[PDB]
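Following: one structure in structure tokens, then a few remarks.
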Amino acid sequence: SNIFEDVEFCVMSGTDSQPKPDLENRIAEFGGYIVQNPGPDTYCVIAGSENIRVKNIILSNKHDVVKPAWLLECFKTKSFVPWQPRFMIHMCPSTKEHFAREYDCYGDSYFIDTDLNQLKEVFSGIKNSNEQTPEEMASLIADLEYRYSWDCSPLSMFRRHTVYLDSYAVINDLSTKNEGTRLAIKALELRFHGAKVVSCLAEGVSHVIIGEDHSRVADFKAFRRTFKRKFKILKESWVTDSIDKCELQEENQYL
Amino acid sequence: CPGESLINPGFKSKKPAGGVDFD
Amino acid sequence: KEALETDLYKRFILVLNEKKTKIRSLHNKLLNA
Amino acid sequence: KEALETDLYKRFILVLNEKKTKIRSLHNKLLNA
Amino acid sequence: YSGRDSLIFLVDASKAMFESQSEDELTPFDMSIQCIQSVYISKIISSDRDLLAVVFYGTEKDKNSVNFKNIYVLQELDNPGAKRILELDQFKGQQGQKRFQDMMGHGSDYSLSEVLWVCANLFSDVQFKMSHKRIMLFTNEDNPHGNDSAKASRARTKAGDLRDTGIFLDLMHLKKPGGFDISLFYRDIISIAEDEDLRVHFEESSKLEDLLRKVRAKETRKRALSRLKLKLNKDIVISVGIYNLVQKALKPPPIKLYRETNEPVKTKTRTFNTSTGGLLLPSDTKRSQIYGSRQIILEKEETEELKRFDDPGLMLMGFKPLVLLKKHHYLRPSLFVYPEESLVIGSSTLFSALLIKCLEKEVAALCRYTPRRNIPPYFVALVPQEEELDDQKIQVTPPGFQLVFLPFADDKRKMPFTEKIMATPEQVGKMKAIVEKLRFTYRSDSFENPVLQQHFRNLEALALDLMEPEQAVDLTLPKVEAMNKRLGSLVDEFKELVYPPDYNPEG
DNA sequence: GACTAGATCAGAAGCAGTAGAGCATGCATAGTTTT
């Protein structure tokens with residue numbers, strides 16, 4: 001097989017499960033004219049370890065480095081598979097211009113569909129992004145779900161609803177937490193299911209969950225009447241009976 | 001004999017360079 | 001929890017390939033013209 | 001679960017935004033020219 | 001001192017060497033390997049013609065000429081190189097420890113007599129001349145053979161034989177859970193038992209710290225630049241040797257390599273006439289010089305004959321008071337002149353007499369110096385140099401003559417004339433305070449050449465494939481922060497007292 | 001008879017050090033051009 005006829009390759013990595021001399025022997029077997037030091041004629045410089053030599057080659061933009069997996073792919077398929085962003089660890093300006101046309105700033109390509117593995121590589125590429133705030137993120141998620149019609153998914157269906165609970169002896173009093181009851185686990189499951197649990201009884205509250213204690217129903221009704229927007233009174237039975245169905249059951253039967 | 005080099009026999013162990021140490 | 005991740009991956013794949021097809025069509029039509 | 005969901009969604013929206021930017025650039029500038 | 005230094009690194013491979021007393025600490029094996037690598041690097045930089053070897057005892061496999069059991073000779077005596085350091089680098093950690101256990105083995109018996117026999121056999125194989133022979137024993141077992149008395153006697157006999165042959169034995173004891181007692185067994189094996197080295201040691205030996213101190217300066221053995229004749233008269237002649245106690249250190253010269261296989265390439269320079277194109281021997285060319293709108297042609301032999309004044313040697317001229325010599329008349333690094341009895345017998349006595357009486361009378365011997373043939377003469381002054389020793393009786397200033405080169409009229413230059421403006425006493429006092437604040441003691445070995453140190457660090461990083469080169473601290477850089485802190489308000493007062501309000505030195 | 005081992009002399013190669021030539025950096029000074 002002369003798939004690597006009249007080409008130049010250099011290796012500066014011995015720190016791998018395959019020793020460098022074995023790689024040189026394979027290269028010679030495949031027809032690539034091995035070279036021990038890169039130069040203007042070399043079509044690549046493969047080095048699987050970021051040692052000092054790789055960093056020096058990086059500091060000069062005159063050539064490009066390739067992850068050793070490229071040779072493995074070439075040998076397994078016996079074909080001259082081109083480069084892709086996953087393999088390369090640095091590009092010359094010209095190769096950068098070439099890639100930018102058929103590839104985004106991230107490994108994901110423009111003209112070829114994607115597979116789960118490729119998307120995983122893309123999602124492992126960039127570093128991080130923590131420039132948002134809870135409200136902004138929630139608004140973004142809601143916009144995406146509404147646009148692309150993903151609300152039928154089992155989860156995230158409580159997102160549009162803000163939920164309050166009677167976990168305080170006195171409404172709007174954070175110093176009288178009633179922790180130690182089934183209401184706590186009810187709320188924790190609700191929030192796990194994408195419900196926006198609110199600890200303050202603001203005018204924007206839309207859903208309220210009440211347990212077996214109906215003493216303060218009158219106060220809730222009075223507050224609802226006072227507020228411009230009315231929030232339906234709901235019991236803990238509705239969420240329980242709805243969890244198994246994975247759907248929002250009608251509030252009429254649980255008003 | 002005293003203060004001899006354990007790496008290069010026949011040479012005295014040079015003290016490490018200390019630079020400027022103000023009094 | 002063990003499955004929400006793949007549930008999200010599926011939707012992301014669908015939308016991304018849709019957009020990729022859109023750009024493919026746009027560039028192909030323009031290049032032909 | 002909350003952390004995983006938010007992280008993955010941020011991940012996806014970044015890529016979607018970049019793809020949208022490139023498609024918009026094509027469709028607008030290259031069509032107009 | 002003639003020959004090469006030979007060193008053998010014996011490393012124990014028993015179980016006790018692979019256990020860490022504390023979680024955040026180095027096992028004895030790791031410390032030994034670090035020390036071996038440090039000595040290898042120091043030898044590469046300092047003396048590259050020395051011989052080093054590495055041996056293991058207590059292992060399951062065996063590799064030696066005598067086909068003994070439980071002794072693995074990893075590296076036979078050969079000059080150091082990067083490959084050997086890399087080979088040792090695969091035992092530098094826990095994964096390296098597992099690799100070592102798999103490759104050789106550990107936890108087996110052994111006999112010290114066989115180990116010392118293998119070391120002596122390694123010494124015998126060397127075909128060069130060895131000035132020193134040394135073995136370092138890295139172990140943490142003070143009683144290797146407590147059960148068997150016969151093995152102890154055999155080890156003692158072999159150690160005595162090795163000492164008789166001229167082999168130094170050193171014990172580099174590592175940390176032990178119960179403490180290391182040299183008194184038990186290793187007194188007889190060790191070459192020298194110091195008086196202070198008799199108590200039980202609860203920590204590794206102080207020699208490991210010196211081993212891990214990397215030396216990155218070339219150590220050149222004593223050598224005479226020239227053996228000359230000092231001629232007081234046409235009949236009185238003595239033999240002297242010239243040495244250089246100060247010599248500039250240069251980077252090793254680059255070599256030219258071929259790119260495709262990294263093999264050296266040899267170069268050759270030739271001159272060929274433009275018209276014919278053939279080679280021209282050096283005998284088919286002349287020399288030219290233009291002066292007064294004319295061309296003057298001379299042969300090469302005459303060109304060299306122009307430089308012949310007198311035969312090589314030192315010719316006495318007289319004696320000069322040391323006051324007439326000047327410190328700002330420095331021209332070239334000074335040399336050292338010592339007697340030499342090999343060529344002329346009785347030179348030492350006359351040299352000693354001259355040195356003693358020159359010191360007594362405070363004079364320097366003026367002489368005409370011609371080092372080699374075809375070199376025009378220079379004028380030198382031999383200044384007496386007495387013997388000065390430090391506290392530990394280590395000689396720091398040798399006895400002899402210091403050869404200082406004196407300039408000719410052509411070697412000086414004319415300075416632009418500058419009017420003198422003297423300073424009032426207050427400015428001098430303020431600057432005296434500033435000077436006194438920044439006083440410090442100076443020694444000739446208090447600074448290092450940043451360029452050479454960085455070069456060696458870079459070369460080591462490239463050779464051993466390290467992640468990043470180690471960065472040398474430059475001691476020549478001023479300590480601006482400390483100086484600012486110490487001086488305080490002196491600088492401001494001096495600037496107010498000496499500079500006009502609107503001066504702006506920077507501009 | 002054959003063969004081996006120890007000592008010694010000579011030549012040669014390696015290394016160190018100096019000298020001489022060449023290459024790049026910057027500026028002094030003056031000259032020339034422009035306004």
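Chain labels run A, B, ... following the order of the structure tokens; each chain numbers its residues from 1, and ligands are numbered from 1 in the order shown.
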Would you mind aligning chain D to chain C, a least-squares fit over all C-alpha atoms taken in order, and returning the superposed chain as a JSON list (two decimals) with N, CA, C and O atoms, in the first residue's frame?
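Just written: superposed_8.json:
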```
[["chain", "number", "residue", "atom", "x", "y", "z"],
["D", 1, "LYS", "N", -30.70, 10.71, 35.57],
["D", 1, "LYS", "CA", -29.63, 11.42, 34.88],
["D", 1, "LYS", "C", -29.48, 10.92, 33.45],
["D", 1, "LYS", "O", -29.33, 11.71, 32.51],
["D", 2, "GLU", "N", -29.49, 9.60, 33.27],
["D", 2, "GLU", "CA", -29.34, 9.06, 31.93],
["D", 2, "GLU", "C", -30.45, 9.55, 31.01],
["D", 2, "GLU", "O", -30.20, 9.99, 29.88],
["D", 3, "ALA", "N", -31.69, 9.49, 31.50],
["D", 3, "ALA", "CA", -32.82, 9.92, 30.68],
["D", 3, "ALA", "C", -32.69, 11.39, 30.32],
["D", 3, "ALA", "O", -32.90, 11.77, 29.16],
["D", 4, "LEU", "N", -32.36, 12.23, 31.29],
["D", 4, "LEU", "CA", -32.24, 13.66, 31.02],
["D", 4, "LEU", "C", -31.18, 13.92, 29.96],
["D", 4, "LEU", "O", -31.41, 14.68, 29.01],
["D", 5, "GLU", "N", -30.02, 13.29, 30.11],
["D", 5, "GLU", "CA", -28.94, 13.53, 29.15],
["D", 5, "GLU", "C", -29.36, 13.13, 27.75],
["D", 5, "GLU", "O", -29.21, 13.91, 26.80],
["D", 6, "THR", "N", -29.91, 11.92, 27.60],
["D", 6, "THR", "CA", -30.27, 11.47, 26.26],
["D", 6, "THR", "C", -31.34, 12.35, 25.65],
["D", 6, "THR", "O", -31.27, 12.72, 24.47],
["D", 7, "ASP", "N", -32.35, 12.73, 26.44],
["D", 7, "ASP", "CA", -33.44, 13.54, 25.91],
["D", 7, "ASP", "C", -32.92, 14.90, 25.44],
["D", 7, "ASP", "O", -33.23, 15.35, 24.33],
["D", 8, "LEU", "N", -32.12, 15.56, 26.28],
["D", 8, "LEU", "CA", -31.62, 16.88, 25.90],
["D", 8, "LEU", "C", -30.73, 16.79, 24.67],
["D", 8, "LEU", "O", -30.79, 17.65, 23.79],
["D", 9, "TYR", "N", -29.90, 15.75, 24.59],
["D", 9, "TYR", "CA", -29.01, 15.65, 23.44],
["D", 9, "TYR", "C", -29.79, 15.41, 22.16],
["D", 9, "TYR", "O", -29.47, 15.99, 21.12],
["D", 10, "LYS", "N", -30.82, 14.56, 22.22],
["D", 10, "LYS", "CA", -31.66, 14.39, 21.04],
["D", 10, "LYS", "C", -32.30, 15.71, 20.64],
["D", 10, "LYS", "O", -32.31, 16.09, 19.45],
["D", 11, "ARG", "N", -32.82, 16.43, 21.62],
["D", 11, "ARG", "CA", -33.41, 17.74, 21.37],
["D", 11, "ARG", "C", -32.45, 18.61, 20.59],
["D", 11, "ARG", "O", -32.80, 19.20, 19.56],
["D", 12, "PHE", "N", -31.21, 18.71, 21.07],
["D", 12, "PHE", "CA", -30.26, 19.62, 20.44],
["D", 12, "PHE", "C", -29.86, 19.15, 19.05],
["D", 12, "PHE", "O", -29.70, 19.98, 18.14],
["D", 13, "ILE", "N", -29.67, 17.85, 18.87],
["D", 13, "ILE", "CA", -29.20, 17.38, 17.57],
["D", 13, "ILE", "C", -30.25, 17.61, 16.50],
["D", 13, "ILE", "O", -29.92, 17.89, 15.35],
["D", 14, "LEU", "N", -31.54, 17.51, 16.85],
["D", 14, "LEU", "CA", -32.57, 17.81, 15.85],
["D", 14, "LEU", "C", -32.42, 19.24, 15.33],
["D", 14, "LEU", "O", -32.38, 19.48, 14.11],
["D", 15, "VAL", "N", -32.34, 20.21, 16.24],
["D", 15, "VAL", "CA", -32.24, 21.61, 15.83],
["D", 15, "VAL", "C", -30.96, 21.85, 15.05],
["D", 15, "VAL", "O", -30.95, 22.57, 14.05],
["D", 16, "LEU", "N", -29.86, 21.27, 15.51],
["D", 16, "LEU", "CA", -28.60, 21.44, 14.79],
["D", 16, "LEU", "C", -28.71, 20.89, 13.38],
["D", 16, "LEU", "O", -28.21, 21.50, 12.43],
["D", 17, "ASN", "N", -29.37, 19.75, 13.22],
["D", 17, "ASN", "CA", -29.53, 19.17, 11.89],
["D", 17, "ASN", "C", -30.33, 20.11, 11.00],
["D", 17, "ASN", "O", -29.98, 20.30, 9.83],
["D", 18, "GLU", "N", -31.41, 20.69, 11.53],
["D", 18, "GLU", "CA", -32.21, 21.59, 10.70],
["D", 18, "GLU", "C", -31.40, 22.81, 10.28],
["D", 18, "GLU", "O", -31.42, 23.23, 9.11],
["D", 19, "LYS", "N", -30.66, 23.40, 11.23],
["D", 19, "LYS", "CA", -29.84, 24.56, 10.89],
["D", 19, "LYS", "C", -28.79, 24.19, 9.85],
["D", 19, "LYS", "O", -28.55, 24.95, 8.90],
["D", 20, "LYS", "N", -28.16, 23.03, 10.01],
["D", 20, "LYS", "CA", -27.18, 22.57, 9.03],
["D", 20, "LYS", "C", -27.82, 22.42, 7.66],
["D", 20, "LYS", "O", -27.23, 22.80, 6.64],
["D", 21, "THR", "N", -29.02, 21.86, 7.61],
["D", 21, "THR", "CA", -29.69, 21.68, 6.33],
["D", 21, "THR", "C", -29.90, 23.02, 5.64],
["D", 21, "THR", "O", -29.64, 23.17, 4.44],
["D", 22, "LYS", "N", -30.36, 24.02, 6.39],
["D", 22, "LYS", "CA", -30.65, 25.30, 5.75],
["D", 22, "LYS", "C", -29.37, 25.99, 5.30],
["D", 22, "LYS", "O", -29.31, 26.55, 4.19],
["D", 23, "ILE", "N", -28.32, 25.97, 6.13],
["D", 23, "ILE", "CA", -27.06, 26.59, 5.71],
["D", 23, "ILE", "C", -26.53, 25.90, 4.46],
["D", 23, "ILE", "O", -26.04, 26.56, 3.53],
["D", 24, "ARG", "N", -26.57, 24.57, 4.44],
["D", 24, "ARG", "CA", -26.06, 23.85, 3.28],
["D", 24, "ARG", "C", -26.85, 24.20, 2.03],
["D", 24, "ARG", "O", -26.28, 24.44, 0.96],
["D", 25, "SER", "N", -28.18, 24.24, 2.15],
["D", 25, "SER", "CA", -29.01, 24.61, 1.01],
["D", 25, "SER", "C", -28.61, 25.97, 0.47],
["D", 25, "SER", "O", -28.39, 26.14, -0.73],
["D", 26, "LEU", "N", -28.50, 26.96, 1.36],
["D", 26, "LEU", "CA", -28.06, 28.28, 0.92],
["D", 26, "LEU", "C", -26.72, 28.18, 0.21],
["D", 26, "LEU", "O", -26.62, 28.39, -1.01],
["D", 27, "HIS", "N", -25.68, 27.78, 0.94],
["D", 27, "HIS", "CA", -24.32, 27.83, 0.42],
["D", 27, "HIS", "C", -24.20, 27.12, -0.92],
["D", 27, "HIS", "O", -23.44, 27.54, -1.79],
["D", 28, "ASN", "N", -24.93, 26.02, -1.10],
["D", 28, "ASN", "CA", -24.80, 25.27, -2.34],
["D", 28, "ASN", "C", -25.63, 25.90, -3.45],
["D", 28, "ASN", "O", -25.09, 26.41, -4.43],
["D", 29, "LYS", "N", -26.96, 25.91, -3.28],
["D", 29, "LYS", "CA", -27.82, 26.30, -4.39],
["D", 29, "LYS", "C", -27.66, 27.77, -4.72],
["D", 29, "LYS", "O", -27.48, 28.14, -5.89],
["D", 30, "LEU", "N", -27.71, 28.64, -3.71],
["D", 30, "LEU", "CA", -27.73, 30.06, -3.99],
["D", 30, "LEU", "C", -26.38, 30.54, -4.50],
["D", 30, "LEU", "O", -26.31, 31.50, -5.27],
["D", 31, "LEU", "N", -25.29, 29.90, -4.08],
["D", 31, "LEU", "CA", -23.99, 30.20, -4.67],
["D", 31, "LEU", "C", -23.93, 29.73, -6.11],
["D", 31, "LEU", "O", -23.49, 30.47, -7.00],
["D", 32, "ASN", "N", -24.36, 28.49, -6.38],
["D", 32, "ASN", "CA", -24.27, 27.96, -7.73],
["D", 32, "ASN", "C", -25.08, 28.79, -8.72],
["D", 32, "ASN", "O", -24.62, 29.07, -9.83],
["D", 33, "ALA", "N", -26.28, 29.20, -8.32],
["D", 33, "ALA", "CA", -27.13, 30.00, -9.20],
["D", 33, "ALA", "C", -26.53, 31.38, -9.42],
["D", 33, "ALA", "O", -25.38, 31.51, -9.85]]
```
| Selection near residue 18 of chain F, 12 Å with only C-alpha atoms (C1' of nucleotides), sequence-local residues under 3 positions removed, as a PyMOL selection string | chain E and resi 225+371-372+375
| request: Using DSSP on the backbone coordinates, identify all residues within chain D classified as alpha helix (DSSP H); present the result as a ChimeraX atom specification. | output: /D:2-25,31-32
| field | Interatomic distance (Å, one decimal) between atom CA of residue 118 of chain E and atom CA of residue 55 of chain E | value |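 If I compute the distance from atom CA of residue 118 of chain E to atom CA of residue 55 of chain E, I get 9.2 Å.
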| request: Show which residues sit within 12 Å of residue 126 of chain A, as a list in words. Count only C-alpha atoms (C1' of nucleotides), and ignore same-chain residues fewer than 2 positions away. | output: residues 105, 106, 107, 108, 119, 120, 121, 122, 123, 124, 128 and 129 of chain A; 10, 11, 12, 14 and 15 of chain D
| said: Residues within 12 Å of residue 124 of chain E, please, as a VMD selection string. Count only C-alpha atoms (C1' of nucleotides); anything in the same chain fewer than 4 positions from it doesn't count. | reply: chain E and resid 6 65 76 to 77 117 to 120 128 to 130 133 162 165 167
| request: Considering only C-alpha atoms (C1' of nucleotides), return as a list in words whatever protein or nucleic-acid residues lie within 8 Å of residue 10 of chain B, sequence-local ones (same chain, fewer than 5 positions apart) excluded. | output: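 In the requested form, the answer reads residues 4 and 5 of chain B; 1 of chain E.
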| Non-local contacts of residue 442 of chain E (9 Å; only C-alpha atoms (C1' of nucleotides); under 3 positions in same chain excluded) as a PyMOL selection string | (chain B and resi 19-20) or (chain E and resi 445-446)
| message | Can you measure atom CA of residue 41 of chain A to atom CA of residue 89 of chain A for me? One decimal in Å is fine. | response | 19.6 Å
| request: Apply DSSP to the structure's backbone, then extract all residues of segment 5-254 of chain A labelled strand (DSSP E or B) and return them as number ranges by chain. | output: A: 8-9, 11, 33-34, 45-46, 65-66, 88-90, 103, 109, 162-165, 168, 177, 196-197, 207-210, 232-235
Select from chain E every residue with an atom at most 12 Å from any atom of chain F, then for each give the shortest pair of atoms and their distance in Å to one decimal, using only C-alpha atoms (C1' of nucleotides), rows by chain and rising number, as a tab-separated table.
```
residue	atom	partner	partner_atom	distance
E:49	CA	F:15	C1'	11.9
E:220	CA	F:16	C1'	10.0
E:221	CA	F:16	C1'	11.3
E:222	CA	F:16	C1'	11.7
E:223	CA	F:16	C1'	9.4
E:224	CA	F:16	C1'	10.3
E:225	CA	F:17	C1'	8.0
E:226	CA	F:17	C1'	10.7
E:243	CA	F:17	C1'	11.5
E:244	CA	F:17	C1'	10.3
E:247	CA	F:17	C1'	9.6
E:248	CA	F:17	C1'	10.6
E:249	CA	F:17	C1'	11.7
E:250	CA	F:17	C1'	11.8
E:371	CA	F:18	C1'	10.4
E:372	CA	F:18	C1'	10.1
E:374	CA	F:19	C1'	11.5
E:375	CA	F:19	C1'	10.0
```
Writing out the chosen residues with N, CA, C and O atoms as a JSON list (two decimals), in the first residue's frame:
```json
[["chain", "number", "residue", "atom", "x", "y", "z"],
["E", 49, "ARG", "N", 33.70, 12.76, 30.64],
["E", 49, "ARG", "CA", 34.54, 11.62, 30.33],
["E", 49, "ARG", "C", 34.65, 10.64, 31.50],
["E", 49, "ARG", "O", 35.45, 9.70, 31.43],
["E", 220, "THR", "N", 37.76, 21.77, 35.26],
["E", 220, "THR", "CA", 38.92, 21.45, 34.45],
["E", 220, "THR", "C", 40.09, 21.09, 35.36],
["E", 220, "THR", "O", 40.39, 21.82, 36.31],
["E", 221, "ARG", "N", 40.75, 19.98, 35.06],
["E", 221, "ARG", "CA", 41.88, 19.53, 35.86],
["E", 221, "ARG", "C", 43.09, 20.43, 35.61],
["E", 221, "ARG", "O", 43.18, 21.13, 34.60],
["E", 222, "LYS", "N", 44.02, 20.39, 36.56],
["E", 222, "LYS", "CA", 45.21, 21.22, 36.46],
["E", 222, "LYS", "C", 45.98, 20.90, 35.19],
["E", 222, "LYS", "O", 46.10, 19.74, 34.79],
["E", 223, "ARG", "N", 46.51, 21.95, 34.56],
["E", 223, "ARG", "CA", 47.22, 21.81, 33.30],
["E", 223, "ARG", "C", 48.00, 23.09, 33.06],
["E", 223, "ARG", "O", 47.52, 24.18, 33.37],
["E", 224, "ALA", "N", 49.20, 22.95, 32.51],
["E", 224, "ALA", "CA", 50.10, 24.08, 32.30],
["E", 224, "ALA", "C", 49.95, 24.58, 30.87],
["E", 224, "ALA", "O", 50.12, 23.81, 29.92],
["E", 225, "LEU", "N", 49.63, 25.86, 30.72],
["E", 225, "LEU", "CA", 49.53, 26.45, 29.39],
["E", 225, "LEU", "C", 50.85, 26.35, 28.66],
["E", 225, "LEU", "O", 50.88, 26.09, 27.45],
["E", 226, "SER", "N", 51.96, 26.57, 29.36],
["E", 226, "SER", "CA", 53.27, 26.51, 28.73],
["E", 226, "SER", "C", 54.33, 26.27, 29.79],
["E", 226, "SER", "O", 54.16, 26.63, 30.96],
["E", 243, "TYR", "N", 50.28, 29.07, 34.31],
["E", 243, "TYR", "CA", 48.92, 28.59, 34.50],
["E", 243, "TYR", "C", 47.96, 29.77, 34.43],
["E", 243, "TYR", "O", 48.36, 30.93, 34.56],
["E", 244, "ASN", "N", 46.69, 29.46, 34.22],
["E", 244, "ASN", "CA", 45.64, 30.47, 34.18],
["E", 244, "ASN", "C", 44.62, 30.15, 35.26],
["E", 244, "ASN", "O", 43.83, 29.20, 35.12],
["E", 247, "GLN", "N", 39.84, 31.94, 33.67],
["E", 247, "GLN", "CA", 39.64, 31.73, 32.24],
["E", 247, "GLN", "C", 38.16, 31.86, 31.93],
["E", 247, "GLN", "O", 37.32, 31.28, 32.63],
["E", 248, "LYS", "N", 37.84, 32.63, 30.89],
["E", 248, "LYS", "CA", 36.45, 32.84, 30.51],
["E", 248, "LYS", "C", 35.80, 31.53, 30.10],
["E", 248, "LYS", "O", 36.38, 30.75, 29.34],
["E", 249, "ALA", "N", 34.60, 31.30, 30.60],
["E", 249, "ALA", "CA", 33.82, 30.12, 30.25],
["E", 249, "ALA", "C", 32.93, 30.43, 29.06],
["E", 249, "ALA", "O", 32.19, 31.41, 29.07],
["E", 250, "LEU", "N", 33.01, 29.59, 28.03],
["E", 250, "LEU", "CA", 32.26, 29.77, 26.80],
["E", 250, "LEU", "C", 31.30, 28.61, 26.61],
["E", 250, "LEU", "O", 31.51, 27.51, 27.12],
["E", 371, "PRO", "N", 55.35, 34.09, 24.45],
["E", 371, "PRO", "CA", 54.81, 32.76, 24.78],
["E", 371, "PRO", "C", 55.18, 31.68, 23.79],
["E", 371, "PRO", "O", 55.75, 30.65, 24.16],
["E", 372, "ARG", "N", 54.86, 31.90, 22.52],
["E", 372, "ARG", "CA", 55.10, 30.95, 21.45],
["E", 372, "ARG", "C", 56.03, 31.57, 20.42],
["E", 372, "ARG", "O", 56.41, 32.74, 20.51],
["E", 374, "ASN", "N", 56.99, 33.14, 16.77],
["E", 374, "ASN", "CA", 56.32, 34.06, 15.87],
["E", 374, "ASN", "C", 55.22, 34.85, 16.59],
["E", 374, "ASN", "O", 54.08, 34.94, 16.13],
["E", 375, "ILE", "N", 55.58, 35.43, 17.74],
["E", 375, "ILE", "CA", 54.69, 36.28, 18.50],
["E", 375, "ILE", "C", 55.51, 37.47, 18.98],
["E", 375, "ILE", "O", 56.53, 37.29, 19.65]]
```
| message | Between atom CA of residue 436 of chain E and atom CA of residue 483 of chain E, what distance in Å does the model show, to one decimal? | response | 11.8 Å
